[PDB]
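Bear in mind these aren't lab numbers, they're just calculated from the coordinates by the rules spelled out. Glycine also receives a Cβ, built like all others from the backbone with ideal geometry; neighbour counts cover every protein chain displayed.
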Amino acid sequence: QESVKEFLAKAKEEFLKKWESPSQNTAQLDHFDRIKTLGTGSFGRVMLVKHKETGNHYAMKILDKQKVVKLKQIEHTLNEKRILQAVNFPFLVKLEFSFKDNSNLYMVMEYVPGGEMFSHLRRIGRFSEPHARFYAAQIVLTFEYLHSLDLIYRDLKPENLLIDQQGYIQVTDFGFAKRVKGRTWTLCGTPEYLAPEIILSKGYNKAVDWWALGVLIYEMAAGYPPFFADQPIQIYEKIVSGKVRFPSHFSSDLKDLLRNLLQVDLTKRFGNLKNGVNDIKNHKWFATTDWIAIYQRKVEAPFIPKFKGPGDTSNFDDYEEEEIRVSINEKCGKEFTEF
Ligand SMILES: N[C@@H]1CO[C@H](CNC(=O)c2ccc(F)cc2)[C@H]1O
């Protein structure tokens, strides 16, 4: 379809111009008031902040340079910021500013007050097939966009899908995203979502994102993931086995799509065949989906999150509030020169 082809050609031109000349140093810490911690991690946290002059709210991701180095995430952190400042798509959280100081790296993103898909899924138990299909269609279009730019995402899971005020998805956390034209080798991702070729230490490609979509659709429609077990070693054994059990309430069309996404042989997996993404878009499970209307945000969403305004944090959870310290001496300057 020439209209999709010309869309993706323009998308790649615009991405490459920003990729080749990344923006740097577009804000500073004392232009923001700190409001609340929204999430934590091994080397960083995300905080709700308010810009002092405009009053706008943002989600500020703060990474400690010394911890990034110790946990061997330097390349990944540079990938994350360089990719985020270059992309533009309706279902991706937008990077608004970035900067660094003696101690930390900062990525200031749009704030999405509806919270994570994960919270809403675990509260209701499972989504109906139409509800799962609405979110799945947005991921299919997002992966078509990213893959056309030679980007692998590598972190699909319900916690990384935020729900906006119109009920649409915004994908966040580009910590494992990478520009890859062929194969890549790093072990990364949450256990339940890993493709077999990652578990087996192979050189793998963008087909791992389509496997992860299969896991996400199964979990949305069942309420639990397909390879669930109590410990990672047992999860990994189930993933590599080539078997799955579907609930009887799944439609036949859903089962068929999932068998083709959760295909252990990556050379036979939907999304990775000669027709690429069109084997997924044209599948019977998606027959009711108007792909253009989803992209244009014209479909009424199945669920509108409840929140009081752009400063409401009620859909995120509570964490111990810790200082943001900035040393008087510069740390790890060489490693993060390009940030
Ligand atoms: N666990 C670590 C700390 O929290 C990170 C993920 N959270 C976001 O990316 C985010 C949250 C809300 C929002 F409005 C925008 C972005 C993760 O790396």
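Quick notes on this one:
- Net charge dipole size for segment 57-137 [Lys, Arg +1 and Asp, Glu -1 on Cβ; Debye, nearest 20]: 260 debye
- As a ratio to 2.2 N^0.38 Å, the alpha-carbon radius of gyration for segment 84-191 is 1.15.
- Put a plus charge on the Cβ of each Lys and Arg, a minus charge on the Cβ of each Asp and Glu, and nothing anywhere else: the dipole of segment 1-124 about its Cα centre is then about 480 debye.
- Cα-based shape type of segment 72-112, given that a ≥ b ≥ c are square roots of the gyration tensor eigenvalues and the cut on a/c is 1.5: oblate
- Taking every DSSP bridge with both residues inside the chain, close to 95 percent are antiparallel.
- Burial ranking of peptide ranges 34-46, 10-22, 148-160 (average Cβ count within 10 Å, highest at the top): 148-160, 34-46, 10-22
- For segment 59-211, relative contact order (Cα pairs under 8 Å, six or more residues apart, normalised by length) works out to 25 percent.
- Rounded if a/c under 1.5, otherwise prolate or oblate - segment 32-152, Cα gyration tensor axes: prolate
- Over segment 274-339, the fraction of Cα-Cα pairs per 10 Å bin, rounded to whole percents and listed from the shortest bin up, is 13, 19, 17, 23, 22, 6, 0.
- In this calculation the C-beta distance from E2 to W185 is compared with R0 = 35 Å, giving a FRET efficiency of 0.45.
- Rounded to 10°, Cα long-axis angle of helix 129-148 versus longest principal axis of the chain: 70 degrees
- With N as its number of residues, the chain has a Cα radius of gyration that, divided by 2.2 N^0.38 Å, comes to 0.99.
- Selected from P310, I217, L266, residue furthest toward positive end of dipole (the chain; charges at beta carbon): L266
- Relative contact order of the chain, defined on C-alpha pairs under 8 angstrom at six or more residues apart (%): 20 percent
- What you get for the chain, charging only the Cβ of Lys and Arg (+1) and of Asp and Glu (-1), is a dipole of about 740 debye around the Cα centre.
- Stretching the chain fully between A293 and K36 yields a gain of 88.9 nm (0.36 nm per residue, less the alpha carbon separation).
- Using alpha carbons only, the radius of gyration of segment 196-290 set against its Kirkwood radius gives Rg/Rh = 0.96.
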